Amino acid sequence: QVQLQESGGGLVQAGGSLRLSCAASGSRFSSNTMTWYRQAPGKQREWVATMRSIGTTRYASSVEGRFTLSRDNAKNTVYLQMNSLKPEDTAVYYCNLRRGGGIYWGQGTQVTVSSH
DNA sequence: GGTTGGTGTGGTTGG
Ligand SMILES: [K+]
Ligand SMILES: [K+]
């Protein structure tokens with residue numbers, strides 16, 4: 001069926017940059033809405049970004065101008081480029097994809113940003 | 001729980 005596989009998490013220094021990938025199988029990103037969320041240590045889950053089937057993007061106020069979404073249809077993969085990272089960005093990052101009446105989730109990947 | 005956490009039926013996300 002439908003499965004999402006996230007990759008790219010790890011440890012980085014403040015001010016650094018890294019890219020998360022969300023690779024889909026069983027359904028195309030270009031068919032539906034995909035979303036990123038993050039879950040920081042002492043916080044509730046928060047929206048990060050959305051890309052619609054048509055490729056249009058929206059970003060949360062806490063990441064706008066630093067994070068950007070792109071999509072490779074031939075690899076059925078969506079990328080979250082995370083620039084100018086801050087310790088406040090430390091969290092588990094999730095991606096999901098809608099398909100029909102269901103929502104399918106990646107396994108989550110930890111990003112840890114060390115203080116300067 | 002789930003194909004996903006947890007301060008679990010809200011959450012730029014259903015029940
Ligand atoms: K640190
Ligand atoms: K839930």
Side-chain angles (χ1 to χ4, degrees), chain A residues 2-115:
Chain A
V2 182
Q3 190 185 321
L4 292 196
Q5 179 63 32
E6 285 181 64
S7 54
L11 175 66
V12 299
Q13 295 188 321
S17 183
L18 64 83
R19 185 188 69 170
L20 298 187
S21 58
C22 185
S25 304
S27 202
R28 292 187 298 269
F29 281 109
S30 59
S31 292
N32 276 94
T33 303
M34 81 84 48
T35 307
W36 293 84
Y37 304 92
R38 68 186 181 179
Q39 255 182 226
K43 298 186 178 182
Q44 305 149 233
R45 183 179 288 177
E46 64 174 330
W47 175 72
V48 171
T50 298
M51 180 185 292
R52 306 199 68 82
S53 59
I54 56 170
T56 52
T57 53
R58 282 297 209 193
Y59 305 91
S61 55
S62 59
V63 309
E64 58 99 353
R66 300 185 304 120
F67 294 14
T68 54
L69 274 180
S70 65
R71 176 170 69 193
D72 183 331
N73 281 330
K75 298 190 168 195
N76 199 18
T77 298
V78 168
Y79 306 97
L80 176 60
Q81 187 69 48
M82 298 164 58
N83 294 336
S84 302
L85 287 166
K86 310 170 204 269
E88 292 76 16
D89 295 318
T90 295
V92 179
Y93 285 76
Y94 298 94
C95 60
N96 78 18
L97 174 61
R98 287 202 187 274
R99 182 184 168 80
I103 298 188
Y104 303 90
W105 289 76
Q107 82 278 9
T109 190
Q110 171 77 36
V111 170
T112 299
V113 185
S114 290
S115 298

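Note: hydrogens, waters and symmetry copies are ignored here, and every other heavy atom, side chains too, is used. So that the names make sense, note that chain A is the first sequence line, chain B the second, and so on, each numbered from 1.
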**Student:** How is A/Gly102 classified with respect to the nucleic acid when contacts are heavy atoms under 4.0 Å: base, sugar-phosphate, or nothing?
**Tutor:** nothing

**Student:** Between B/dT7 and B/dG14, how far is it from one P atom to the other, in whole Å?
**Tutor:** 22 Å

**Student:** Hey, does the side chain of A/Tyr94 come within less than 4.0 Å of B/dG5's phosphate (OP1/OP2), counting only N and O?
**Tutor:** yes

**Student:** From CG of A/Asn32 over to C1' of B/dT13, roughly how many Å is that when rounded to an integer?
**Tutor:** 14 Å

**Student:** Quick check: do A/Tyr59 and A/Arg66 have side-chain heavy atoms less than 4.5 Å from each other?
**Tutor:** no

**Student:** With syn defined as a glycosidic angle within 90° of 0 and anti as the rest, where does B/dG5 land?
**Tutor:** syn

**Student:** Taking atom CD of A/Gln44 as the centre, does the number of heavy atoms from other residues, nucleotides or ligands within less than 6.0 Å exceed 12?
**Tutor:** no

**Student:** Count the heavy atoms belonging to other residues, nucleotides or ligands that lie under 6.0 Å from CD of A/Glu64, then report whether that count exceeds 12.
**Tutor:** no

**Student:** Using the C1' atom as the point on both nucleotides, what is the distance between B/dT13 and B/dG2, in whole Å?
**Tutor:** 13 Å

**Student:** OP1 or OP2 of B/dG5 sitting under 4.0 Å from any side-chain N/O of A/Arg38?
**Tutor:** no

**Student:** From NZ of A/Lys43 over to P of B/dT7, roughly how many Å is that when rounded to an integer?
**Tutor:** 15 Å

**Student:** Could you give the distance separating B/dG11 and B/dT4 at their P atoms, to the nearest angstrom?
**Tutor:** 22 Å

**Student:** In terms of side-chain heavy atoms of A/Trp105, which of B/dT12, B/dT3, B/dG5 is nearest?
**Tutor:** B/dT3

**Student:** Name the orientation of the base relative to the sugar in B/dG10: syn if the glycosidic angle is within 90° of 0, else anti.
**Tutor:** syn

**Student:** Going by the glycosidic torsion and a 90 degree boundary from 0, is the base of B/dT9 oriented syn or anti?
**Tutor:** anti

**Student:** When the distance from CD of A/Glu46 to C1' of B/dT7 is rounded to whole Å, what number comes out?
**Tutor:** 16 Å

**Student:** Over all heavy atoms of both residues, which pair between A/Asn76 and A/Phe29 is shortest? Give the atoms and the distance, please.
**Tutor:** OD1-N, 3.0 Å

**Student:** Can you measure A/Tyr37 atom OH to B/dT4 atom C1' for me and round it to whole angstrom units?
**Tutor:** 11 Å

**Student:** Judged by each residue's nearest nucleotide on DNA chain B, which is more toward the 5′ side, A/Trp47 or A/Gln39?
**Tutor:** A/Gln39

**Student:** Could you tell me whether the side chain of A/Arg45 has a donor or acceptor atom within less than 3.5 Å of a complementary atom in the base of B/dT4?
**Tutor:** yes

**Student:** Using whole Å, report how far CD1 of A/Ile103 lies from P of B/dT4.
**Tutor:** 13 Å

**Student:** Atom CD of A/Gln44 and atom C1' of B/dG11: how far apart are they, to the nearest Å?
**Tutor:** 8 Å

**Student:** Please examine the side chains of A/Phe67 and A/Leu85, heavy atoms only from C-beta on, and report whether any two atoms are closer than 4.5 Å.
**Tutor:** yes

**Student:** Less than 3.5 Å apart, any donor N or O on the side chain of A/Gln81 or A/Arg19 sitting next to an acceptor on the other?
**Tutor:** no

**Student:** Base, sugar-phosphate alone, or nothing: which one does A/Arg58 contact when heavy atoms must sit under 4.0 Å apart?
**Tutor:** nothing

**Student:** Expressed as a whole number of angstroms, how long is the span from A/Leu4:CG to B/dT3:P?
**Tutor:** 13 Å

**Student:** Given atom CZ of A/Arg98 and atom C1' of B/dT4, what is their separation to the nearest angstrom?
**Tutor:** 15 Å

